[PDB]
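J.: Below are the structure tokens for one structure; questions will follow.
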Amino acid sequence: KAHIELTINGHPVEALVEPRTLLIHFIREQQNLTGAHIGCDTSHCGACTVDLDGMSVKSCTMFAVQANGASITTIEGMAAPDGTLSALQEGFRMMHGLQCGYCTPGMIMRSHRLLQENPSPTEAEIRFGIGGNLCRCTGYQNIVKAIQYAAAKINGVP
Amino acid sequence: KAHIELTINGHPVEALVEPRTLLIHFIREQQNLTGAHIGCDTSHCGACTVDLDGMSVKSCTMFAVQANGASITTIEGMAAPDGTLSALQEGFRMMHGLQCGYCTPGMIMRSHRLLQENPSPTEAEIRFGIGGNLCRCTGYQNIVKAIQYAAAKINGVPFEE
Amino acid sequence: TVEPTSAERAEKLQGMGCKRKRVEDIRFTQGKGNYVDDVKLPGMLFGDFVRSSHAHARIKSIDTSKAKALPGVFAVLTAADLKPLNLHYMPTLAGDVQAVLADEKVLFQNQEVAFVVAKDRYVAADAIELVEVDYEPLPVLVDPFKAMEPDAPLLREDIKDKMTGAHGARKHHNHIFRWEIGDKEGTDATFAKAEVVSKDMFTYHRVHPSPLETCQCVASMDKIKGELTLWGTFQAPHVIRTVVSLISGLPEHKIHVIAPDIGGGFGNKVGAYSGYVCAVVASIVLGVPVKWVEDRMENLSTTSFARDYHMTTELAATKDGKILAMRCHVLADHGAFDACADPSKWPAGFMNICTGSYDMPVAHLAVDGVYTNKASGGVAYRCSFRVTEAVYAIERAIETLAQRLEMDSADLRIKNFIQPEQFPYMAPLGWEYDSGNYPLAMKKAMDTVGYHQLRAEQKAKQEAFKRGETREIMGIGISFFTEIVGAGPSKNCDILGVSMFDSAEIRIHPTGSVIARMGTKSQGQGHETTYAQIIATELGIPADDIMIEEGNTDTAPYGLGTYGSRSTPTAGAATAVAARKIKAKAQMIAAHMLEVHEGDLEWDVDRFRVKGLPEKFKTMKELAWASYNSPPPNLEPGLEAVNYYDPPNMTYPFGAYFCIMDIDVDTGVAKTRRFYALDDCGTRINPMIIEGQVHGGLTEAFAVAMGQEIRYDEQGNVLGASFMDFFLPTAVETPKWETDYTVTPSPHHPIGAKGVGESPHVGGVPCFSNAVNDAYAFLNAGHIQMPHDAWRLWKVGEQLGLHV
Amino acid sequence: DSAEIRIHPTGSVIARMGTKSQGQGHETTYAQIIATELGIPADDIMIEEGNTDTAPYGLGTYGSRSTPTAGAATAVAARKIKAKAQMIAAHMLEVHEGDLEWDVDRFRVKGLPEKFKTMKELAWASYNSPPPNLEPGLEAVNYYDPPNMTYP
Amino acid sequence: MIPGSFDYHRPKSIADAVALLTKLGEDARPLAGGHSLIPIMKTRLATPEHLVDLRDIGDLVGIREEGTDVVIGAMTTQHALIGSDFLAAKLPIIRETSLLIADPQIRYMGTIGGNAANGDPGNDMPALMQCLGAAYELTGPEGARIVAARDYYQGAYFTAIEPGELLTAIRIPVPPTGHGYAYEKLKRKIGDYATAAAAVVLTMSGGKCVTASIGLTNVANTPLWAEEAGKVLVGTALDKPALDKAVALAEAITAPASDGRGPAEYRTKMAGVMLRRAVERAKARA
Amino acid sequence: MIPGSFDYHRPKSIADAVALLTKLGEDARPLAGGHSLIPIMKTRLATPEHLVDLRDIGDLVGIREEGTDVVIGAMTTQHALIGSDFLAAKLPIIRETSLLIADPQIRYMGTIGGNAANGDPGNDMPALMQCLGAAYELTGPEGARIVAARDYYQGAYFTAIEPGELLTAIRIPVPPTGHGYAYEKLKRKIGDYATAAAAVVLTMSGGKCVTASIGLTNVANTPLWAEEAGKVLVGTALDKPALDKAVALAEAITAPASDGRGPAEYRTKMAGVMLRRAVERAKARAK
Ligand SMILES: Nc1ccn([C@@H]2O[C@H](COP(=O)(O)OP(=O)(O)OC[C@H]3Oc4nc5nc(N)nc(O)c5nc4C(S)=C3S)[C@@H](O)[C@H]2O)c(=O)n1
Ligand code: FES
Ligand code: FES
Ligand code: FES
Ligand code: FES
């Protein structure tokens, strides 16, 4: 096994891992951060998306050893230290952007990076921008609304 | 921390412990064997009793480091692998020898050694022989009956009524 | 057998009256019970207290700095953290308040001063030692007979202006309440004129319930959800929920109280303790679980004491032994805060059952409670709400009256028993006793022990003592008692405003097994076994096919908990009534299926047959499937019911206890020769379980009468509050018990059953104490105060000149 | 399908149903049905499904059946509670039940509208001052056998 | 979902990586962005004993102009290509093509070199590199060499690379200022490999095509460079007759798979329709 | 309940244990059976920084006959004392006394040396050892020495041991064959220290007492050797007038504590009653 050291949600993590352990399983199974989900076996769905060194990464298509030295944010890391929901978490609730909740962690983690890439995206930019994330419940329409709601809240903050 | 290797309920155990960790807390808190209980702070009650290298020991009065190399049996080790209960576990149920069940792991672990010390004890020998174990619920009468039942089952013949 | 007889089917049920073996025993004998300290949750921390070394002192300051800086310490709470809150005091079941963390002053030794929260209990313990408290000592009050003197210390500064407490006017700063009942003027006139007046002051000394598992909880505030889960040693989990809602402002649907397996309660675990409050606050603040588990020393010295009643007790009689009246005054020592558990309208509990088993026309009782620098409590330890004290007062008073009349005390009781035909009987302090056959039970006891012969044996032994042939004396202890259990009717029984009903919910599954829950909570009394027996008989479903649960306030129907030997009177009734609702629905289903009138059906253990046509029937199992598969058109699908039972009266079990005691007058060592206990609790659900309740209670009674005590010295130090001194008998000391019964059902209960669990303690203490007092009566010792341990009985003989 | 609703002494509610959400919002919507029927805020009601030990027996969620079956059972169970609350209100106000009318979150005496009792007060009364004719507490169950399908 | 076990290596230089590949042999594979390799490990189609991660080799990442070429390091990600405003100025077809590959997450990890060295005919870059007349720089134990992209692909997962070699950089001739360009892809949805796609670059003068080069994606077991189809556009107005000739010459060299994207005959026709649309958009841009 | 942190040591020989105790000073305590020391660590009445566990030192456990004595190693457990057929034959009073100490679990761990060295006047072995005239063998950095049990105890938790010393064995002269013996204890319950107890060994010939020795437990800040009380019995028939003189002489040296076992005056009188009862039982056994 390989010794890895990295940061997840702002905390140091040190572990021993087999090289073949997928990052999604390291996060869910060894770290007990079960917000990230598995929806597929072919890298399409995006339910396993995490933010990793400034990138949106499908954690089912990376080994934990590849994340050695990385900084990762998962859905558990989105709320403020005082418990307050992020703008995206609040927008998904206010706009009805989830039903079963199973795509939601990955959708919000992708969206967190999308709004850094482009703080004021059009609807076409949002839809293209979340193309790596599948949802079975919503038909996407309210997810677009949730992202637009969150962009408005973020852009009022300063 | 100190490195210990021992045997608990017939299985090898390897662990790291602080010297001041009481054996009761190593058993409950680290090994998750929560049958043994704490009933006092002065070594009187016996709720914490385990069988250790052929001895009845109050595990609240020993450090885990003292048990390095030892073989321990706790209440979880008493039933047969086929599910069937030990003679003492069965006698405690048949004779109504427990109510809240708090003293029962320690009572059965002490009694397991008592019946090895003396396979056919009188009533006076039983009462004296469990003098280290307090019960609040039963008034002891049915516990003596339980131990008599278990002895008769083990021996194949009854002694006192 | 494929077609079993009616008797065979009844036997298989293991229902009412059967010695059914306990379902609890499977997990408990294997170490697979789930008690509070077995709980482990992610992130869980450990909390414990800095406690007061002083009985009475102002707090000048507390320094927590060294504790807060220790690695692995997450919080250290003082009164200042709670006082913005208004959680520096908590309400009690007695209507007073109790300090959670000491604010300006401490009022008893070992009182909670600060709460440290750490990685584990080893780090918490280190950190508690690092807290420094500065005290300014104050004059200590420990003698309740001096509590209302003009210069007695001012304890409760927080209510110095409050001349009306929760129970009426207060006459002095250390007075809690005065409570009275009965005909004062008629009782006084009777005493003023009676032929014989017999008066003593009997003290029922302070003791403690000491369950083998101490008080503890795990609090978990989920700050994502806004919901609190609270695992804990609660005899009354629903009551705890409602209290925690009032205190915390969280709504009841978001407070999940869980009383899991409890390692004995014996009244210690009815109310709330500081530890519960502080664990809950710490978990709310930190957002992670917090476990609190007290040690023995803290249990004995800081949680509910029992007894501490000083009872000036009088009987008025004719020379021929007819009892004309009883007059009793109690001075009750409540410690620093009135935390005495009781129905809200009864600040001296049911002490007004103190006229006992006797027919007397008039009586009067008065009680004054006082504050002292001690732990709180009073009601605990199988008291049935002060019935222990009531019974001791009357059964001792019968003996001292008999000595003064120069009459045999058995004959005096027989001359004055309420007779079977007089029930229901209105007693002269207001309780209506439900049923009783006292002459039959007293006779059976007297025949069993050979009473008349024992008195001749005793007379001979006394003659031998006077001839110098022995230093042993023989006493014969008698206790004939009437209990009062099953609180209680909505007219006048409530716990902080919630009427004292209880409840049952029973649900039958399509395939005929059952889930049933009740509003009580076992701490070893076998409810998971015995409630299933009541259902089994009502429904003809084997008890093994029924699962019983208690203690999870999300799932169990609301009830008032287990204390006052109330479970059988209240939830036992509810269980029968709910089962009867199911049976009535099943009868309707059967009538529809069999195409007959309901009135043409008869019940045969587990099925309805057509009268005159026994080959036409439906079993309860068949009816249960039908209720899901083919519901009759006018009925809802399924097969379930609930009952919340408001009792019409208490139940009044009774007993006849006799003890033979031998005493060495030169060492004071007493040894029980024989102990016989006849209990009549009406219909018996499980004789094996009743017998074990009796053996446990008698052993407590032995302990209390012969050795147990919690004491305070003049400085306010608590003495004997550890198993170094507190007399908990081992198997060696504990007498062998003989038990017996009669059956006199409660006429008002659905199955005729009375409570029993506390009877053995209630009746046993006077039986032991009467045997000791009886042994010394021929030497004119007078009333000997408990406990009857060796130095004290030595002292009795020393003062009589026996050692010259 | 089925519903069980239990009102606590202080007026909040635990309710369970025999259905099982997979994202359709039952934990939100069943509370809305009860809220309207009893005048208890929806956030004062906890909805649970899916634990067979605790939920009343039901046939699950498929065939868009949850609203037709357990939704109906929810309303009917709430109306049993309402009916009991009316009797408690009659006892408190010393009037015939027939003399009372419902007004959003309270029963009022007809023609004497200043005389009333709110659901919250009635829930407390059911524990604190239960009418002698009645059982204490305030709860109900309904197992709802539908008379027809619904045809949206 | 679960790969077979392997050992994992992080060489610190090209030389070290080439040495390790050469020593370990066929059982070792380079690991770049992992978004083709890890998916086929997870199905156990690939069961390498060793992975040689190129992550720590800085010289494999970067975009520079050198002489008449742009040189792109093999480990340069799709996201980097899109983000390069220099590349958008000189080779705007690359951003257009990259935006048609996969999805945002996959584009943050997948590399141009991994896309070109893979041998999946589904990959988009190979035929674009053939269109552009790119050269692949390979370094192995025997030194450096260069293979034209037009000569690099022989079949599904079969390329000109040899044992122990890494593709280190792609060298791309820079088209004239003002050239036309287009990448036109037909697919079932976001993230899918093409039903058919065409890459076109061309230049015009006086309303007449001077140069033209065409690549075809996923309409054979390799990418295809449609030499004859481009040649026939030169000298023409890129009018209907010229386009019909180029379509015929492009269609003629296809040999598509029949799969979920449709049968071979449809995919051949779609190569022609994509080529037409690409030429039209390129013509407008020129 | 929770002791303070400490370092833990397992010396392999007596010499290594003594060196360690000597090096580490008062911060270090020997750990024997732990059944007095661990309870007071748990209350933090004791806060040693080092525990020197004697468990691996095989030499400290044993019962041997040597010259005219029995020599018992300090780590010998109460359970082992009770189980010894040899001790039952030659020193039957030991078994009788051990069976009145604590409970089965405690007796599996607690040692004779720990009972004797502790210094708690509640322990039963000390006065028994004074009654028997036993000698304690001590080994320290300065070598070996012997101190009579009669001279070992000065106060409550105040003994003759010096820094760095271990009590290694107890040497007991074997009493005459056919001696009488008794240990008579008055206690509140199983596992309680005595309200008062008396140890007696005596011998008889031809209806007369030839030798007698009496120890008194827990009726002063130390065990007591009731020298004069035993002496007055010699030459008598051990009847009530002889006992009356012994009782007076025993009571006069007591100075009991007043605690939950009763007032000092009671405890003094109970020393006298236990003495009478012990003597009577020992007289019956002697022959
Ligand atoms: N007519 C009857 C009466 C009782 N029983 C059975 O006896 C048991 C006790 O029932 P009950 O007398 O109704 O008493 P509770 O269950 O309400 O117990 C409370 C009572 O229980 C006592 N006994 C205790 N026993 C144990 N093991 N643990 C405690 O904490 C105890 N606490 C004490 C104290 S204090 C109290 S208040 C129940 O299984 C009941 O079915 C029966 O078989 N027939
Ligand atoms: S689990 Fe579907 S892309 Fe990762
Ligand atoms: S909310 Fe159900 S998959 Fe998106
Ligand atoms: S917990 Fe009481 S003796 Fe161990
Ligand atoms: S069964 Fe409750 S303490 Fe023994």
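Ordering of the structure tokens sets the chain letters (A, B, ...); residue numbers start at 1 within each chain; ligands are numbered from 1 in the order shown.
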As a list in words, list the residues of chain B assigned to strand (DSSP E or B) by DSSP on the backbone atoms of this structure.
T.: residues 2, 3, 4, 5, 6, 7, 8, 11, 12, 13, 14, 15, 16, 17, 22, 49, 50, 51, 52, 55, 56, 57, 58, 63, 71, 72 and 73 of chain B
J.: With only C-alpha atoms as the counted atoms, please give the residues lying no more than 6 Å from stretch 124-136 of chain D, apart from itself and same-chain residues fewer than 3 positions off, as a ChimeraX atom specification.
T.: /C:497-499,644 /D:9,121
J.: Could you turn the residues from that selection into a file that holds C-alpha atoms, as a compact mmCIF listing (two decimals), in the first residue's frame?
T.:
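Ended up saving to part_21.txt:
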# COMPACT_ATOMS: atom_id res chain seq x y z
CA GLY C 497 -49.87 19.10 34.72
CA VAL C 498 -49.96 15.85 32.74
CA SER C 499 -52.68 13.52 34.09
CA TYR C 644 -55.01 5.54 27.02
CA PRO D 9 -48.97 17.67 24.75
CA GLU D 121 -55.19 24.37 23.77
J.: Do you know which residues are within 7 Å of ligand 4 using only C-alpha atoms and all ligand atoms? Can you write them as a list in words?
T.: residues 37, 38, 39, 40, 41, 42, 43, 44, 45, 46, 47, 48, 49, 58, 59, 60 and 61 of chain B
J.: May I ask you to write as a VMD selection string all residues lying at most 7 Å from ligand 5, with only C-alpha atoms and all ligand atoms counted?
T.: (chain B and resid 98 to 104 134 to 138) or (chain C and resid 212 263 to 264 524)
J.: Save the residues we just selected, C-alpha atoms, as a PDB file, in the first residue's frame?
T.:
ATOM      1  CA  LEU B  98     -31.532 -11.812  36.563  1.00  0.00           C
ATOM      2  CA  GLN B  99     -33.869  -8.827  36.206  1.00  0.00           C
ATOM      3  CA  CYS B 100     -32.156  -5.655  34.981  1.00  0.00           C
ATOM      4  CA  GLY B 101     -29.238  -7.808  33.778  1.00  0.00           C
ATOM      5  CA  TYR B 102     -26.555  -5.375  34.848  1.00  0.00           C
ATOM      6  CA  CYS B 103     -24.716  -7.683  37.247  1.00  0.00           C
ATOM      7  CA  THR B 104     -25.295 -10.736  35.032  1.00  0.00           C
ATOM      8  CA  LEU B 134     -23.363  -7.475  44.163  1.00  0.00           C
ATOM      9  CA  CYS B 135     -26.880  -7.643  42.753  1.00  0.00           C
ATOM     10  CA  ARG B 136     -29.566  -5.036  43.418  1.00  0.00           C
ATOM     11  CA  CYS B 137     -32.523  -6.854  41.792  1.00  0.00           C
ATOM     12  CA  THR B 138     -32.676 -10.526  42.731  1.00  0.00           C
TER      13      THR B 138
ATOM     14  CA  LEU C 212     -26.069  -0.924  40.106  1.00  0.00           C
ATOM     15  CA  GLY C 263     -29.484  -1.330  34.803  1.00  0.00           C
ATOM     16  CA  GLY C 264     -32.050  -0.867  37.620  1.00  0.00           C
ATOM     17  CA  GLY C 524     -35.724  -4.952  35.048  1.00  0.00           C
TER      18      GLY C 524
END
J.: Which polymer residues have any atom within 9 Å of an atom of residue D:146, counting only C-alpha atoms, with same-chain residues fewer than 6 positions away left out, as a VMD selection string?
T.: chain D and resid 1 68 to 69 72
J.: Stretch 11-121 of chain A: which residues are helix (DSSP H, G or I) by DSSP, as a ChimeraX atom specification?
T.: /A:23-30,59-61,64-67,75-77,87-94,104-117
J.: Could you take the residues named above and write them with N, CA and C atoms, as a compact mmCIF listing (two decimals), in the first residue's frame?
T.:
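Result went into again33.txt, see below:
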# COMPACT_ATOMS: atom_id res chain seq x y z
N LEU A 23 -10.75 6.98 -6.23
CA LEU A 23 -10.93 8.11 -5.33
C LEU A 23 -12.34 8.19 -4.69
N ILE A 24 -13.37 7.86 -5.45
CA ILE A 24 -14.74 7.88 -4.91
C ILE A 24 -14.86 6.91 -3.76
N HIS A 25 -14.24 5.73 -3.84
CA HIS A 25 -14.33 4.78 -2.76
C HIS A 25 -13.47 5.19 -1.57
N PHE A 26 -12.31 5.77 -1.80
CA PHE A 26 -11.51 6.30 -0.69
C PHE A 26 -12.34 7.32 0.09
N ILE A 27 -12.99 8.22 -0.61
CA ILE A 27 -13.80 9.26 0.04
C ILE A 27 -15.01 8.68 0.79
N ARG A 28 -15.78 7.81 0.15
CA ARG A 28 -16.96 7.25 0.77
C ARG A 28 -16.66 6.22 1.86
N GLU A 29 -15.75 5.30 1.57
CA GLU A 29 -15.53 4.13 2.38
C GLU A 29 -14.50 4.39 3.46
N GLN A 30 -13.36 5.00 3.18
CA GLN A 30 -12.31 5.19 4.17
C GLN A 30 -12.53 6.49 4.94
N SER A 59 -14.62 11.61 -9.54
CA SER A 59 -13.77 10.83 -8.63
C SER A 59 -13.86 9.34 -8.85
N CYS A 60 -14.80 8.85 -9.65
CA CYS A 60 -14.78 7.43 -10.03
C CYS A 60 -13.77 7.12 -11.16
N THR A 61 -13.14 8.14 -11.72
CA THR A 61 -12.24 7.96 -12.86
C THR A 61 -10.84 8.57 -12.52
N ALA A 64 -7.11 7.09 -5.80
CA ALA A 64 -6.69 7.88 -4.66
C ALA A 64 -5.21 8.26 -4.67
N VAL A 65 -4.33 7.41 -5.17
CA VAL A 65 -2.92 7.77 -5.25
C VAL A 65 -2.67 8.99 -6.13
N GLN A 66 -3.46 9.19 -7.17
CA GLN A 66 -3.37 10.38 -8.00
C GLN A 66 -3.71 11.67 -7.26
N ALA A 67 -4.45 11.58 -6.16
CA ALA A 67 -4.85 12.73 -5.35
C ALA A 67 -3.86 13.05 -4.24
N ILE A 75 -19.22 17.77 -0.87
CA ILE A 75 -20.42 18.52 -0.54
C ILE A 75 -20.45 18.89 0.97
N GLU A 76 -19.90 18.05 1.82
CA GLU A 76 -19.85 18.32 3.25
C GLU A 76 -19.07 19.60 3.54
N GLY A 77 -18.16 19.97 2.68
CA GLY A 77 -17.36 21.16 2.88
C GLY A 77 -17.96 22.48 2.37
N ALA A 87 -24.59 29.68 -1.12
CA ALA A 87 -25.61 30.23 -2.02
C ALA A 87 -26.19 29.10 -2.90
N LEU A 88 -25.33 28.19 -3.39
CA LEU A 88 -25.81 27.11 -4.23
C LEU A 88 -26.72 26.15 -3.49
N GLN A 89 -26.37 25.81 -2.25
CA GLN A 89 -27.23 24.93 -1.47
C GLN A 89 -28.60 25.57 -1.23
N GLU A 90 -28.61 26.84 -0.82
CA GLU A 90 -29.84 27.59 -0.65
C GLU A 90 -30.61 27.71 -1.97
N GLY A 91 -29.95 27.99 -3.09
CA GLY A 91 -30.64 28.13 -4.36
C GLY A 91 -31.30 26.84 -4.80
N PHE A 92 -30.63 25.69 -4.63
CA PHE A 92 -31.23 24.39 -4.97
C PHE A 92 -32.50 24.17 -4.15
N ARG A 93 -32.54 24.55 -2.88
CA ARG A 93 -33.74 24.40 -2.09
C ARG A 93 -34.83 25.38 -2.56
N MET A 94 -34.48 26.65 -2.69
CA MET A 94 -35.50 27.69 -3.01
C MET A 94 -36.11 27.46 -4.36
N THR A 104 -27.48 15.50 -6.36
CA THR A 104 -27.33 16.87 -5.85
C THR A 104 -25.94 17.21 -5.37
N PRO A 105 -25.28 16.34 -4.60
CA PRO A 105 -23.89 16.65 -4.21
C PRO A 105 -23.00 16.92 -5.42
N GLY A 106 -23.08 16.07 -6.45
CA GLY A 106 -22.25 16.26 -7.61
C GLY A 106 -22.59 17.46 -8.45
N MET A 107 -23.90 17.76 -8.50
CA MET A 107 -24.40 18.92 -9.21
C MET A 107 -23.92 20.21 -8.55
N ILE A 108 -24.05 20.30 -7.22
CA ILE A 108 -23.56 21.44 -6.51
C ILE A 108 -22.04 21.57 -6.56
N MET A 109 -21.29 20.48 -6.43
CA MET A 109 -19.85 20.61 -6.55
C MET A 109 -19.44 21.05 -7.96
N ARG A 110 -20.11 20.57 -9.03
CA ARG A 110 -19.78 21.06 -10.37
C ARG A 110 -20.12 22.56 -10.51
N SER A 111 -21.28 22.91 -9.97
CA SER A 111 -21.78 24.26 -10.07
C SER A 111 -20.92 25.24 -9.34
N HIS A 112 -20.32 24.82 -8.23
CA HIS A 112 -19.39 25.66 -7.48
C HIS A 112 -18.20 26.10 -8.34
N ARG A 113 -17.68 25.18 -9.11
CA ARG A 113 -16.59 25.50 -10.06
C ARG A 113 -17.10 26.29 -11.29
N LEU A 114 -18.26 25.91 -11.80
CA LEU A 114 -18.86 26.63 -12.93
C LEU A 114 -18.94 28.13 -12.61
N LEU A 115 -19.45 28.50 -11.43
CA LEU A 115 -19.60 29.91 -11.07
C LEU A 115 -18.30 30.64 -10.76
N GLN A 116 -17.23 29.90 -10.52
CA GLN A 116 -15.88 30.47 -10.51
C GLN A 116 -15.34 30.67 -11.93
N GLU A 117 -15.58 29.71 -12.81
CA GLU A 117 -15.20 29.86 -14.23
C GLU A 117 -15.92 31.04 -14.92
J.: Hey, which residues come within 6 Å of ligand 1 if we count only C-alpha atoms and all ligand atoms? Could you give them as a ChimeraX atom specification?
T.: /B:99-100,137 /C:264-267,381-382,523-527,530,562-568,681-687,689-690,693,753-758
J.: By how many Å are atom CA of residue A:128 and atom CA of residue A:58 apart?
T.: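 About the pair atom CA of residue A:128 and atom CA of residue A:58: they are 16.6 Å apart.
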J.: For stretch 141-144 of chain B, please output as a count of residues only all residues within 6 Å (counting only C-alpha atoms; exclusion window: fewer than 4 positions along the same chain).
T.: 3
J.: Once you count only C-alpha atoms and all ligand atoms, which residues end up within 6 Å of ligand 2, and could you hand them over as a ChimeraX atom specification?
T.: /A:38-41,43-48,58-60
J.: Do me a favour and pick out the residues of chain F within 7 Å of chain C, using only C-alpha atoms, as a list in words.
T.: residues 2, 189, 260, 262, 266 and 270 of chain F
J.: Residues of the last selection are to be written out with N, CA and C atoms, as an mmCIF file, in the first residue's frame.
T.:
data_model
loop_
_atom_site.group_PDB
_atom_site.id
_atom_site.type_symbol
_atom_site.label_atom_id
_atom_site.label_comp_id
_atom_site.auth_asym_id
_atom_site.auth_seq_id
_atom_site.Cartn_x
_atom_site.Cartn_y
_atom_site.Cartn_z
ATOM 1 N N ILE F 2 -10.609 7.626 37.767
ATOM 2 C CA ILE F 2 -9.559 7.759 36.731
ATOM 3 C C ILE F 2 -8.238 8.215 37.341
ATOM 4 N N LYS F 189 -19.877 -6.674 56.905
ATOM 5 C CA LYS F 189 -20.315 -7.486 55.777
ATOM 6 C C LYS F 189 -19.011 -8.113 55.177
ATOM 7 N N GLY F 260 -17.602 4.622 60.705
ATOM 8 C CA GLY F 260 -18.885 3.987 60.457
ATOM 9 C C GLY F 260 -19.043 2.636 61.129
ATOM 10 N N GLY F 262 -18.467 2.288 64.292
ATOM 11 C CA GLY F 262 -18.935 2.624 65.619
ATOM 12 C C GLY F 262 -17.951 3.483 66.387
ATOM 13 N N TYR F 266 -16.863 1.245 71.768
ATOM 14 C CA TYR F 266 -17.434 -0.004 71.253
ATOM 15 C C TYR F 266 -16.304 -0.880 70.676
ATOM 16 N N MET F 270 -15.213 -4.581 71.647
ATOM 17 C CA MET F 270 -15.246 -5.691 70.715
ATOM 18 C C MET F 270 -13.883 -6.372 70.537
#
J.: Grab me every residue within 10 Å of ligand 3, counting only C-alpha atoms and all ligand atoms, and send it over as a ChimeraX atom specification.
T.: /A:39,45,47,96-107,133-140,143 /D:22-24
J.: For each of C:317, C:471, C:285, C:618, take the minimum atom-to-atom distance to chain A, counting only C-alpha atoms, then give the residue where this is smallest.
T.: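 Smallest distance to chain A is found for C:285.
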J.: What's the 10 Å shell around residue A:42, counting only C-alpha atoms, without same-chain residues fewer than 4 positions away, as a PyMOL selection string?
T.: (chain A and resi 60-61) or (chain E and resi 1+35+38-40+42-43)
J.: Stretch 272-282 of chain E: which residues within 8 Å, counting only C-alpha atoms, same-chain residues fewer than 5 positions away excluded, as a VMD selection string?
T.: chain E and resid 179 to 186 196 to 202 214 238 243 247 to 248 250 to 251
J.: Env of stretch 110-118 of chain E: 7 Å cut, atoms = only C-alpha atoms, seq-sep filter 2 positions within chain, self excluded. Answer as a VMD selection string.
T.: chain E and resid 32 to 35 74 to 78 106 to 108 120 123 125 to 126 157 167
J.: Take the residues just selected and output them with C-alpha atoms as a short mmCIF file (atom, residue, chain, number, x, y, z; two decimals), in the first residue's frame.
T.:
data_model
loop_
_atom_site.label_atom_id
_atom_site.label_comp_id
_atom_site.auth_asym_id
_atom_site.auth_seq_id
_atom_site.Cartn_x
_atom_site.Cartn_y
_atom_site.Cartn_z
CA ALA E 32 -1.91 10.67 -18.44
CA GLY E 33 -5.37 12.12 -17.65
CA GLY E 34 -6.68 8.58 -17.16
CA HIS E 35 -10.02 9.20 -18.92
CA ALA E 74 1.54 15.82 -24.60
CA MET E 75 0.21 16.41 -21.05
CA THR E 76 -1.56 19.66 -21.96
CA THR E 77 -5.24 19.27 -21.00
CA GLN E 78 -8.28 19.91 -23.11
CA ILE E 106 -13.30 15.00 -18.47
CA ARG E 107 -11.78 18.02 -20.18
CA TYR E 108 -10.10 19.14 -16.91
CA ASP E 120 -9.67 4.65 -29.98
CA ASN E 123 -11.20 10.14 -30.31
CA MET E 125 -7.99 14.84 -32.09
CA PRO E 126 -6.41 12.20 -34.37
CA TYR E 157 -5.69 0.55 -30.46
CA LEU E 167 4.67 10.84 -27.24
#
J.: Would you list which chain F residues are within 7 Å of chain B using only C-alpha atoms, as a list in words?
T.: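 The complete set of qualifying residues is residues 1, 3, 5, 6, 7, 8, 34, 35, 38, 39, 103, 104, 105, 108 and 190 of chain F.
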